[PDB]
Amino acid sequence: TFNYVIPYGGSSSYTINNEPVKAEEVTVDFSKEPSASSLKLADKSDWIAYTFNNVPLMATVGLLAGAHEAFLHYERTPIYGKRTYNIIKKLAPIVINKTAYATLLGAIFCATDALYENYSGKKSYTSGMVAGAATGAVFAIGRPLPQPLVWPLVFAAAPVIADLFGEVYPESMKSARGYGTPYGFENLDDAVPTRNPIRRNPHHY
Amino acid sequence: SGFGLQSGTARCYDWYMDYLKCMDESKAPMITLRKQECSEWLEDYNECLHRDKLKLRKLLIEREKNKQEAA
Amino acid sequence: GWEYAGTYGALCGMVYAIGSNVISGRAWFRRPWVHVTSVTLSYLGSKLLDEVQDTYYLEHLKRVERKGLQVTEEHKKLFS
Amino acid sequence: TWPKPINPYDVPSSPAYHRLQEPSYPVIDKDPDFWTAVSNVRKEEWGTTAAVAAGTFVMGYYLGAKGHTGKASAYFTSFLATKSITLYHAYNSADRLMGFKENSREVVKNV
Amino acid sequence: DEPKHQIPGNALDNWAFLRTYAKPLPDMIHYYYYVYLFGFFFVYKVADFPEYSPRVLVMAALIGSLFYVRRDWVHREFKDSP
Amino acid sequence: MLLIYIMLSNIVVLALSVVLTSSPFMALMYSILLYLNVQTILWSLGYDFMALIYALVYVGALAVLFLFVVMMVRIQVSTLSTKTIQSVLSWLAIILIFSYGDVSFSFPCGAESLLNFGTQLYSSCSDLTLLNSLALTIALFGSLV
Amino acid sequence: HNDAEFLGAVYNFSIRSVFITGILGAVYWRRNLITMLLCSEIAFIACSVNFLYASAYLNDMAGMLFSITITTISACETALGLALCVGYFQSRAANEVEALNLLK
Amino acid sequence: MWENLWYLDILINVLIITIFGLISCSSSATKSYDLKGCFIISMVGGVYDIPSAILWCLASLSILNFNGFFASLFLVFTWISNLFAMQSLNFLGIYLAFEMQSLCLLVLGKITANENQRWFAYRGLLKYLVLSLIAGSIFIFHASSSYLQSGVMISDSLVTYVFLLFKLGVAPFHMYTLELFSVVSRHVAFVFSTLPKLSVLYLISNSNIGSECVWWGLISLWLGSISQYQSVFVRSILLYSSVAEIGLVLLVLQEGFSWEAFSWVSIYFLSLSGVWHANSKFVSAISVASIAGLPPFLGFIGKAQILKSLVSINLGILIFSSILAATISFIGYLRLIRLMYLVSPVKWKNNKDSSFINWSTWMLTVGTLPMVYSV
Ligand SMILES: CCCCCCCCCCCCCCCCCC(=O)OC[C@H](COP(=O)([O-])OCC(O)COP(=O)([O-])OC[C@@H](COC(=O)CCCCCCCCCCCCCCCCC)OC(=O)CCCCCCCCCCCCCCCCC)OC(=O)CCCCCCCCCCCCCCCCC
Ligand SMILES: CCCCCCCCCCCCCCCCCC(=O)OC[C@H](COP(=O)([O-])OCC(O)COP(=O)([O-])OC[C@@H](COC(=O)CCCCCCCCCCCCCCCCC)OC(=O)CCCCCCCCCCCCCCCCC)OC(=O)CCCCCCCCCCCCCCCCC
Ligand SMILES: CCCCCCCCCCCCCCCCCC(=O)OC[C@H](COP(=O)([O-])OCC(O)COP(=O)([O-])OC[C@@H](COC(=O)CCCCCCCCCCCCCCCCC)OC(=O)CCCCCCCCCCCCCCCCC)OC(=O)CCCCCCCCCCCCCCCCC
Ligand SMILES: CCCCCCCCCCCCCCCCCC(=O)O[C@@H](COC(=O)CCCCCCCCCCCCCCC)COP(=O)(O)OCC[N+](C)(C)C
Ligand SMILES: CCCCCCCCCCCCCCCCCC(=O)O[C@@H](COC(=O)CCCCCCCCCCCCCCC)COP(=O)(O)OCC[N+](C)(C)C
Ligand SMILES: CCCCCCCCCCCCCCCCCC(=O)O[C@@H](COC(=O)CCCCCCCCCCCCCCC)COP(=O)(O)OCC[N+](C)(C)C
Ligand SMILES: CCCCCCCCCCCCCCCCCCCC(=O)O[C@H](COC(=O)CCCCCCCCCCCCCC)COP(=O)(O)OCCN
């Protein structure tokens, strides 16, 4: 409007609908659909199955962290001097404990997420928040004062961030095209494509 | 490459060229689609390269022969 | 394309001559020969850039028409 | 199978680089020699060659003088630039003879 | 004289704590070799990993960030003992 | 068949010996024996000239270069022997893990010919021969300075 | 039952072991720079042998050309690396002890 | 035989210039301007497209600041390797071109070190060499397995993608750049942190070498940004900035946005030229601002192309990460600006050799308005 007399923006009729018009005459899709593996892992029906399918990721991350710390300890120890102690006995707890703690935290998160979703019966943000909060509570069992408040918050926030930018964002902005005519405005006289642009072939790596 | 070791061409050059010709004939707008259409030619090239079907057939024949012999 | 490429280029050449003088600690008016050379070269380069951009715009219009974009006469007018 | 016999003296061979294209225009010469290509170079191209040679002589002298070897640099730069531009012009003329590129003037001049 | 921030701790105790970083330093090539090797093998393996939910991925990233130990931390606390 | 098997199995022992030995001079000697075993493996696949190439470039020339460097930089590396039983089994385990269950293909035999190899190198594949020559020139210029 | 299948499996095991021994051998058992470059050569030789094996399997010349390329590049890389090692050793300060043994 | 002549001309040109420089070697002309000009003219014979013309521009600008016949010859060798990398059709072309470029880097690094700088330069060159050998050996071993299994050498494979990831220096394969480029000369680090990238981007775009995985660019973006913020030394700040940006660029290039990466590499080259060849505080400030992405400079256009490409793919996680990582990087660039004009009096060497530096600063300031059409 760019005036001071009437409200800015506009209004669209709710009664009047515009019949959908295809973006192009022929649509070629270079985006592959989700794999059967993805759907299997995503299935939260059985909490135990869901947990056991998704823990490998947490275990791997714990193993990488433990390997990192163990290597740092091993690198410093001197080869030239003989050591009374056994290095593996010193280093094995590091890796084992890190992997176990990571797996336990990821198990708690996955279990609570599946159990809440089943009990509630709906896929919602709350399920992620309560799983994160429970994981952060387990993380901060014996930590000083600030940490009990901070970790349940950071952990609860992480599934919120994942849901907003991993699931809601793409579905929200699926229609936008970028070529031909703007999604909403097809009356405007813009070049109309016979086929959609294919910027890349479907990936295979 | 495609060249042979002693002369001529590789042992399975012709099968690959057959598959490439099939892909050239196809009108699919993406390479993935054309490979899907020409998959049978690729299966022939892979079959000539490794002889996997013949190896399986021989394994089954040998195994049955052993079963008959033991009986 | 751009109808102000020549003017822009001349002013930018001035920007080069003054900036080079200032960076080296000399005053803007020093080395007068540099000013003419910079102005002319920048003007020509700006013009050349505009033709290059136009040429690749037309190449793109040809390509999109070949692909199947049903560009109208007015659209074919947009790309000089 | 049986090894195919090979003739050592006549073993099939090919150049490394190949242009994958069917001749759009008439083929005045299927396999032009260097001299045939040079003889078909247009007058404008020779003018470009001479302008390049002069410009590179002047630039070579200018750059060489800072190192006290102006004449030597000028001659080397001239020769180098003339040679490269001449090879480019001969490649273009050979492509025209082969029918890959437009040869209207070429066919008319040498029937 | 101007008002200045109070520094917690005694001067000699803080300097002693700072001096625990002055230890034989390993070369970083040893760490890099292993990281390059395992990283190459990891990239090859990653193509075959199952597709994970975004939420699980983010949680794994959080856990990895929390469990990552800075190289300086191990360096200061490293003791050559059982 | 026994000889081919023995050479194939030996190449592993000759590779393990290089890393295990603590003397840099001795490691080169084991590497030279490994190179000869590789020449003999190549002979079983039907290559004669290629196996000659490996021995010429590596045994004939590269090993000499390694010896020259080792003599000039000679250090005292007979400090201590750290080949504890625990370390060796861990190494052999890592090796076994990496070298297990990969795709295997039937052993082939292929007669090679220099006439075809030379023809291809200097006709159809001339681009490679000249880039390799440029690489050698780059190495010559950089090493000599 | 098939000698070639057995021999192919043996070859695959051997070549893979030689590759891992070259790439990770000198780093695992901490050695001098000269041993690292020798094990790197061992690894490159293993890969070139794999290419020659493939060329024999497929009756193709591509592996023989990749393998000659490996021989050339590997020798150039070794010569340059050894030059760097000598230059590094000639500049060592008196305090430095195992200058060549970075992994110590 | 005529197609071969095009390639042959480059070799003949290089050899004749080499032997002329060798014959005419004298103290009177240590800076062989004439040979530099001959090399520049020679490299015009390899321009076939726009990417080749960008390769020529960057190589010529790099050649200007090298001193002596030897360094300029090795830059021409680098150019030849880069030209062949773009044209590589299979594993052999990729391996050969990249390893030749690695050899040229090893020589250029070695011949630009003083006797007092040999201890650290040769160590960093050796560490680069050994890491390069790991990368090349894993590449060739996997390539051999692929060639055996498939019978053909196809440049569309995971093996090449991982190798080109190492060459770009993203994800965990960026440490060689940090170790080598910290101990080498400023010009060598600048020319080998920008020019090589163009060839790899061209190979990826033309040979369809893209993966569905976004982890490596996300990692490079976050690691680079956090490491840039925590780095005390200024060389490390500049080195980690390239890691972060090339991670984001890798993510954009996988999705098919070739034009934006080719425009980015050119702007990044011009932006990095003035910071690396530091002589004037003002030139360095304008460079840091362009790398940062401030809107009045050409650096803004380069960053804008990448960010604009990101919003098209509609991946939320990448956009969020990009915003936060960019802020963290901005803090490091502010540190750089603070160090020059807000910490202590600054005195720098009077190295009055600003060949293309004034032109680059001008091109950064002035170029924003002409290139506004792209974004
Ligand atoms: C924009 C959007 C972006 C998109 C794209 C952007 C585009 C990208 C690319 C664009 C690039 C732009 C930025 C880069 C700018 C280039 C750098 C630059 O500016 O110059 C660097 C460079 C830096 O010089 P420097 O800072 O002093 O350092 C060099 C050292 O001296 C080192 O010394 P040296 O040993 O190396 O000496 C070599 C050199 C360097 O030597 C020198 O520079 C010394 C000074 C040269 C002599 C003085 C020049 C004489 C006339 C100049 C006119 C000035 C007018 C001002 C006052 C009016 C006086 C009446 O000598 C030369 O000058 C070679 C050229 C030959 C011409 C010499 C003069 C010939 C006689 C006059 C010709 C015609 C007379 C007509 C009228 C005459 C009077 C008006 O400047 C030059 O080299 C000058 C080149 C030419 C001199 C002027 C000639 C102009 C012709 C006369 C005017 C007539 C109108 C012009 C139109 C018709 C032409 C005939
Ligand atoms: C046997 C060999 C030993 C190695 C073991 C394995 C060998 C490698 C095999 C495979 C390697 C590939 C994958 C490994 C990770 C990739 C990184 C890499 O390889 O670079 C080379 C790297 C060395 O490179 P460098 O350039 O020499 O060192 C640069 C640093 O400055 C180094 O200097 P610095 O360490 O002294 O400084 C560390 C600095 C460096 O900074 C970083 O680490 C940046 C990384 C941040 C995130 C990375 C991207 C995350 C995306 C992951 C993608 C997958 C998920 C997909 C979606 C997730 C969306 C984000 O960070 C810190 O200051 C410590 C904090 C840790 C992260 C900071 C973020 C905290 C946020 C949490 C919020 C909670 C606080 C709330 C309360 C606060 C109160 C106010 O080598 C390694 O570190 C490998 C060690 C493997 C341990 C990683 C642990 C988990 C791995 C996956 C989790 C992903 C998060 C990454 C966390 C830490 C990674 C460094
Ligand atoms: C005078 C007429 C010029 C107008 C047009 C130019 C075309 C005709 C060329 C005529 C020559 C003028 C040179 C101007 C352009 C250079 C291009 C070129 O030359 O080749 C193109 C031309 C054909 O390729 P094409 O036109 O690009 O189209 C091919 C396909 O379309 C595939 O190619 P494509 O990549 O173009 O595909 C279309 C592309 C769309 O691509 C585009 O839209 C390109 C946009 C144009 C940007 C221009 C900037 C590029 C920087 C290079 C500067 C030129 C250096 C000159 C080098 C050669 C010197 C002659 O779509 C894409 O998505 C691909 C991405 C492309 C890259 C993204 C563009 C961003 C570039 C970076 C900009 C970032 C800003 C940084 C700073 C900006 C500050 C203002 O090749 C030739 O005609 C023959 C080449 C012969 C050159 C030398 C031979 C003569 C001498 C022989 C012997 C030499 C030795 C003796 C020496 C003699 C002197 C001493
Ligand atoms: C105006 C048309 C004709 C101009 C006459 C030139 C024709 C000669 C043929 C070409 C020779 C090279 C052209 C000269 C340009 C650069 C030469 C140069 O570098 O100038 C000086 C030094 O460098 C400079 O002073 C820079 C000058 C830059 C150019 C200024 C001249 C402007 C016009 C000349 C070229 C215009 C076109 C040339 C023909 C197309 C050279 O120093 P010395 O090697 O010691 O030679 C001097 C001889 N002696 C001392 C023994 C008496
Ligand atoms: C950046 C590139 C890196 C890699 C480049 C690989 C691509 C270049 C590969 C070629 C290298 C040079 C090989 C010669 C190139 C072109 C071929 C040629 O011109 O030879 C002529 C031979 O033709 C001739 O004109 C003979 C005289 C040649 C005289 C010199 C021309 C070639 C000079 C090569 C430069 C090498 C000389 C020393 C190097 C300074 C063609 O061969 P034919 O047609 O089979 O033989 C003639 C028979 N007939 C015409 C009847 C069909
Ligand atoms: C549409 C354009 C916009 C797109 C941008 C890309 C296209 C580029 C267009 C313009 C390019 C201009 C490049 C500017 C370079 C600046 C000139 C330069 O660098 O000169 C150097 C040259 O230095 C040299 O090394 C000279 C060696 C070679 C000289 C030039 C070679 C000429 C070869 C022929 C080039 C013609 C191109 C061939 C066909 C296209 C002199 O500086 P120094 O003396 O070293 O130090 C300066 C000291 N101070 C400023 C502080 C006073
Ligand atoms: C950058 C965003 C990060 C959040 C920052 C918040 C402050 C961090 C403190 C940590 C706390 C954990 C994160 C909680 C934020 C979510 C907001 C709570 C609101 C809420 O509980 O409703 C849920 C939906 O909200 C939602 O989950 C969607 C709301 C989106 C979050 C807010 C977006 C803007 C915040 C940015 C403010 C400033 C940015 C600087 C950080 C339930 O929904 P339901 O579907 O489950 O219904 C129930 C049927 N069972």
# chains A, B, ... in the order shown; residues from 1 in each chain; ligands from 1
>>> residues_around(residues="region 1-4 of chain B", least_positions_apart="6", cutoff="6 Å", atoms="only C-alpha atoms", output="list in words")
residues 10 of chain B; 59, 60 and 62 of chain G
>>> write_last_selection(atoms="C-alpha atoms", output="compact mmCIF listing (two decimals), in the first residue's frame")
# COMPACT_ATOMS: atom_id res chain seq x y z
CA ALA B 10 39.00 -56.46 -25.02
CA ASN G 59 42.34 -58.53 -21.68
CA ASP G 60 42.56 -54.73 -21.62
CA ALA G 62 44.07 -49.64 -19.49
>>> interface_residues(of="chain G", to="chain B", cutoff="12 Å", atoms="only C-alpha atoms", output="list in words")
residues 1, 2, 5, 52, 54, 55, 56, 57, 58, 59, 60, 61, 62, 63, 64, 65 and 66 of chain G
>>> write_last_selection(atoms="N, CA and C atoms", output="tab-separated table (two decimals), in the first residue's frame")
chain	number	residue	atom	x	y	z
G	1	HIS	N	37.65	-76.97	-5.60
G	1	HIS	CA	37.35	-77.67	-6.84
G	1	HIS	C	37.96	-76.95	-8.04
G	2	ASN	N	38.01	-75.62	-7.97
G	2	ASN	CA	38.60	-74.80	-9.01
G	2	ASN	C	39.88	-74.17	-8.47
G	5	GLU	N	39.79	-70.19	-8.78
G	5	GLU	CA	39.05	-69.50	-7.72
G	5	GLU	C	39.87	-69.43	-6.44
G	52	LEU	N	47.56	-54.42	-13.11
G	52	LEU	CA	48.06	-55.39	-14.08
G	52	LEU	C	47.23	-56.67	-14.03
G	54	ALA	N	44.06	-56.82	-13.20
G	54	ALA	CA	42.79	-56.51	-13.84
G	54	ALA	C	42.94	-56.53	-15.36
G	55	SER	N	44.05	-55.99	-15.86
G	55	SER	CA	44.29	-55.97	-17.30
G	55	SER	C	44.38	-57.39	-17.85
G	56	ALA	N	44.98	-58.30	-17.09
G	56	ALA	CA	45.04	-59.68	-17.53
G	56	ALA	C	43.66	-60.32	-17.47
G	57	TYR	N	42.87	-59.99	-16.44
G	57	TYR	CA	41.53	-60.53	-16.31
G	57	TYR	C	40.61	-60.08	-17.45
G	58	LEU	N	40.69	-58.81	-17.84
G	58	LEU	CA	39.77	-58.27	-18.83
G	58	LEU	C	40.38	-58.19	-20.23
G	59	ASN	N	41.62	-58.63	-20.41
G	59	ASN	CA	42.34	-58.53	-21.68
G	59	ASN	C	42.33	-57.09	-22.20
G	60	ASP	N	42.63	-56.15	-21.32
G	60	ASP	CA	42.56	-54.73	-21.62
G	60	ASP	C	43.90	-54.07	-21.30
G	61	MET	N	44.23	-53.01	-22.04
G	61	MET	CA	45.49	-52.30	-21.84
G	61	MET	C	45.40	-51.14	-20.86
G	62	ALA	N	44.21	-50.82	-20.34
G	62	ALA	CA	44.07	-49.64	-19.49
G	62	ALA	C	44.88	-49.77	-18.21
G	63	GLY	N	44.87	-50.94	-17.59
G	63	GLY	CA	45.66	-51.14	-16.38
G	63	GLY	C	47.15	-51.04	-16.62
G	64	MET	N	47.64	-51.53	-17.76
G	64	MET	CA	49.07	-51.43	-18.05
G	64	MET	C	49.51	-49.98	-18.19
G	65	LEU	N	48.62	-49.12	-18.68
G	65	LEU	CA	48.96	-47.71	-18.82
G	65	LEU	C	48.82	-46.98	-17.51
G	66	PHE	N	47.85	-47.37	-16.69
G	66	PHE	CA	47.75	-46.74	-15.39
G	66	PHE	C	48.98	-47.13	-14.57
>>> residues_around(residues="region 28-35 of chain E", least_positions_apart="4", cutoff="12 Å", atoms="only C-alpha atoms", output="PyMOL selection string")
(chain A and resi 64+67-76) or (chain E and resi 39-43+71) or (chain G and resi 23-31+33+36+101-104) or (chain H and resi 123-135+171-180)
>>> closest_atom_pairs(of="chain D", to="ligand 1", cutoff="10 Å", atoms="only C-alpha atoms and all ligand atoms", output="CSV")
residue,atom,partner,partner_atom_place_in_ligand_line,distance
D:62,CA,ligand 1,38 (C),8.0
D:63,CA,ligand 1,36 (O),9.0
D:65,CA,ligand 1,35 (O),9.2
D:66,CA,ligand 1,35 (O),7.8
>>> closest_atom_pairs(of="chain D", to="ligand 4", cutoff="7 Å", atoms="only C-alpha atoms and all ligand atoms", output="tab-separated table")
residue	atom	partner	partner_atom_place_in_ligand_line	distance
D:54	CA	ligand 4	40 (C)	6.4
D:55	CA	ligand 4	40 (C)	6.5
D:57	CA	ligand 4	10 (C)	6.4
D:58	CA	ligand 4	12 (C)	4.2
D:59	CA	ligand 4	16 (C)	6.8
D:61	CA	ligand 4	12 (C)	5.1
D:62	CA	ligand 4	19 (O)	3.5
D:63	CA	ligand 4	19 (O)	6.6
D:65	CA	ligand 4	44 (O)	4.2
D:68	CA	ligand 4	44 (O)	6.1
D:69	CA	ligand 4	44 (O)	7.0
D:70	CA	ligand 4	44 (O)	5.2
>>> residues_around(residues="residue 31 (chain B)", least_positions_apart="4", cutoff="9 Å", atoms="only C-alpha atoms", output="list in words")
residues 201 and 202 of chain A; 23, 35 and 36 of chain B
>>> select_by_dssp(residues="region 140-365 of chain H", states="alpha helix (DSSP H)", output="PyMOL selection string")
chain H and resi 140-150+158-168+175-183+186-191+195-206+215-230+234-254+258-276+281-292+298-313+316-341+357-365
>>> residues_near_ligand(ligand="ligand 7", cutoff="6 Å", atoms="only C-alpha atoms and all ligand atoms", output="JSON, numbers by chain")
{"A": [124, 125, 126, 153, 154, 156, 157, 160]}
>>> write_last_selection(atoms="N, CA, C and O atoms", output="JSON list (two decimals), in the first residue's frame")
[["chain", "number", "residue", "atom", "x", "y", "z"],
["A", 124, "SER", "N", 4.40, -35.24, 17.31],
["A", 124, "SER", "CA", 4.36, -33.87, 17.79],
["A", 124, "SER", "C", 5.73, -33.42, 18.26],
["A", 124, "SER", "O", 6.63, -34.24, 18.48],
["A", 125, "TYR", "N", 5.87, -32.11, 18.41],
["A", 125, "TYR", "CA", 7.10, -31.53, 18.95],
["A", 125, "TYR", "C", 7.33, -31.99, 20.38],
["A", 125, "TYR", "O", 8.48, -32.18, 20.80],
["A", 126, "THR", "N", 6.25, -32.16, 21.15],
["A", 126, "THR", "CA", 6.39, -32.49, 22.57],
["A", 126, "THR", "C", 7.18, -33.78, 22.76],
["A", 126, "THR", "O", 7.91, -33.92, 23.75],
["A", 153, "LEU", "N", 17.37, -28.32, 28.81],
["A", 153, "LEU", "CA", 16.94, -27.34, 27.83],
["A", 153, "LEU", "C", 17.66, -27.56, 26.51],
["A", 153, "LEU", "O", 17.02, -27.57, 25.45],
["A", 154, "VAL", "N", 18.98, -27.69, 26.54],
["A", 154, "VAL", "CA", 19.73, -27.84, 25.30],
["A", 154, "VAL", "C", 19.29, -29.12, 24.59],
["A", 154, "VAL", "O", 19.03, -29.13, 23.37],
["A", 156, "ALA", "N", 16.42, -30.78, 24.98],
["A", 156, "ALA", "CA", 15.05, -30.67, 24.49],
["A", 156, "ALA", "C", 15.00, -29.83, 23.22],
["A", 156, "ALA", "O", 14.22, -30.13, 22.31],
["A", 157, "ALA", "N", 15.80, -28.77, 23.17],
["A", 157, "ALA", "CA", 15.84, -27.89, 22.01],
["A", 157, "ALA", "C", 16.34, -28.61, 20.77],
["A", 157, "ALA", "O", 15.89, -28.30, 19.65],
["A", 160, "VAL", "N", 13.69, -30.06, 18.67],
["A", 160, "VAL", "CA", 12.91, -28.97, 18.11],
["A", 160, "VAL", "C", 13.60, -28.41, 16.88],
["A", 160, "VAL", "O", 12.97, -28.16, 15.85]]
>>> residues_around(residues="region 105-114 of chain A", least_positions_apart="3", cutoff="9 Å", atoms="only C-alpha atoms", output="ChimeraX atom specification")
/A:44-48,50-52,54-55,57-59,100-102,117-119,127-136,138-139 /E:56,59-60,63
>>> write_last_selection(atoms="N, CA and C atoms", output="compact mmCIF listing (two decimals), in the first residue's frame")
# COMPACT_ATOMS: atom_id res chain seq x y z
N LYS A 44 8.34 -46.09 14.53
CA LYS A 44 8.42 -46.05 15.98
C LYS A 44 7.40 -46.95 16.66
N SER A 45 6.67 -47.76 15.89
CA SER A 45 5.61 -48.61 16.43
C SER A 45 6.08 -49.37 17.67
N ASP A 46 7.10 -50.22 17.51
CA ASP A 46 7.65 -50.99 18.61
C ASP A 46 8.86 -50.25 19.15
N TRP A 47 8.76 -49.80 20.41
CA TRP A 47 9.82 -48.99 20.99
C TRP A 47 11.16 -49.73 21.01
N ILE A 48 11.14 -51.02 21.36
CA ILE A 48 12.39 -51.77 21.46
C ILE A 48 13.06 -51.86 20.09
N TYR A 50 12.57 -49.84 17.48
CA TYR A 50 13.01 -48.49 17.12
C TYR A 50 14.34 -48.18 17.80
N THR A 51 14.44 -48.48 19.09
CA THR A 51 15.66 -48.16 19.84
C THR A 51 16.85 -48.92 19.28
N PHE A 52 16.67 -50.22 19.01
CA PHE A 52 17.80 -51.04 18.56
C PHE A 52 18.24 -50.68 17.15
N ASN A 54 18.19 -47.54 15.89
CA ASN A 54 18.79 -46.21 15.87
C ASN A 54 19.99 -46.05 16.79
N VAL A 55 20.23 -46.98 17.72
CA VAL A 55 21.42 -46.89 18.57
C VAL A 55 22.74 -46.99 17.80
N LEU A 57 23.96 -45.47 15.52
CA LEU A 57 24.50 -44.13 15.28
C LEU A 57 25.18 -43.60 16.54
N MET A 58 24.50 -43.71 17.69
CA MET A 58 25.06 -43.22 18.94
C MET A 58 26.31 -44.01 19.31
N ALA A 59 26.28 -45.33 19.09
CA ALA A 59 27.45 -46.16 19.37
C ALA A 59 28.63 -45.73 18.51
N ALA A 100 29.76 -46.63 25.92
CA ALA A 100 28.63 -47.04 26.73
C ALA A 100 27.77 -45.84 27.11
N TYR A 101 28.39 -44.74 27.52
CA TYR A 101 27.62 -43.57 27.92
C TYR A 101 26.85 -43.01 26.73
N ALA A 102 27.50 -42.95 25.56
CA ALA A 102 26.83 -42.42 24.37
C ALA A 102 25.65 -43.30 23.98
N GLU A 117 5.35 -41.02 21.83
CA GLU A 117 4.56 -40.96 20.60
C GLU A 117 3.47 -42.02 20.60
N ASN A 118 3.77 -43.22 21.11
CA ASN A 118 2.75 -44.26 21.19
C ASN A 118 1.66 -43.88 22.18
N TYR A 119 2.04 -43.41 23.37
CA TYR A 119 1.04 -43.11 24.39
C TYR A 119 0.17 -41.94 23.95
N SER A 127 7.01 -34.75 21.86
CA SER A 127 7.69 -36.03 22.02
C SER A 127 9.21 -35.83 22.01
N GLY A 128 9.69 -35.00 21.09
CA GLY A 128 11.11 -34.69 21.05
C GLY A 128 11.55 -33.90 22.26
N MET A 129 10.71 -32.97 22.72
CA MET A 129 11.09 -32.16 23.87
C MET A 129 11.22 -33.03 25.11
N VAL A 130 10.30 -33.98 25.29
CA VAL A 130 10.32 -34.79 26.50
C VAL A 130 11.45 -35.81 26.43
N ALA A 131 11.78 -36.29 25.22
CA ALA A 131 12.91 -37.19 25.09
C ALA A 131 14.21 -36.46 25.37
N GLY A 132 14.34 -35.24 24.84
CA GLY A 132 15.53 -34.46 25.11
C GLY A 132 15.66 -34.13 26.58
N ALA A 133 14.55 -33.69 27.19
CA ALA A 133 14.58 -33.35 28.60
C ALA A 133 15.02 -34.54 29.44
N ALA A 134 14.52 -35.74 29.11
CA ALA A 134 14.88 -36.91 29.90
C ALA A 134 16.35 -37.26 29.70
N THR A 135 16.85 -37.13 28.47
CA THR A 135 18.27 -37.38 28.23
C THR A 135 19.13 -36.37 28.98
N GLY A 136 18.72 -35.10 29.00
CA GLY A 136 19.51 -34.09 29.67
C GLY A 136 19.46 -34.27 31.18
N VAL A 138 19.30 -37.21 32.61
CA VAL A 138 20.20 -38.32 32.89
C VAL A 138 21.66 -37.86 32.78
N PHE A 139 21.94 -36.95 31.85
CA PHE A 139 23.28 -36.41 31.71
C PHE A 139 23.73 -35.64 32.95
N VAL E 56 17.44 -38.03 14.97
CA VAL E 56 18.50 -38.91 15.46
C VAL E 56 19.86 -38.35 15.06
N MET E 59 20.70 -35.41 17.28
CA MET E 59 21.04 -35.88 18.62
C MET E 59 22.44 -36.48 18.64
N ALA E 60 22.80 -37.22 17.59
CA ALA E 60 24.13 -37.81 17.52
C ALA E 60 25.19 -36.72 17.42
N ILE E 63 25.61 -35.26 20.90
CA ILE E 63 26.36 -36.15 21.78
C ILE E 63 27.84 -36.12 21.42
>>> atom_distance(atom1="CA of residue 61 (chain E)", atom2="CA of residue 204 (chain A)")
24.6 Å
>>> interface_residues(of="chain A", to="chain E", cutoff="6 Å", atoms="only C-alpha atoms", output="PyMOL selection string")
chain A and resi 38+58+61+65+85+159+162+166
>>> residues_near_ligand(ligand="ligand 5", cutoff="10 Å", atoms="only C-alpha atoms and all ligand atoms", output="ChimeraX atom specification")
/D:13-17,31-35 /F:122-134 /H:1-16,45-46,80-81,83-84
>>> residues_around(residues="residue 27 (chain C)", least_positions_apart="5", cutoff="8 Å", atoms="only C-alpha atoms", output="PyMOL selection string")
chain C and resi 18+21-22
>>> residues_around(residues="residue 93 (chain D)", least_positions_apart="4", cutoff="7 Å", atoms="only C-alpha atoms", output="PyMOL selection string")
chain D and resi 37+40-41+89+97
>>> residues_near_ligand(ligand="ligand 3", cutoff="6 Å", atoms="only C-alpha atoms and all ligand atoms", output="ChimeraX atom specification")
/C:52-53,55-56 /D:81,84-85,88 /H:41-42,44-45,47-51,53-54,258-259,262-263,266-267,367,370-371
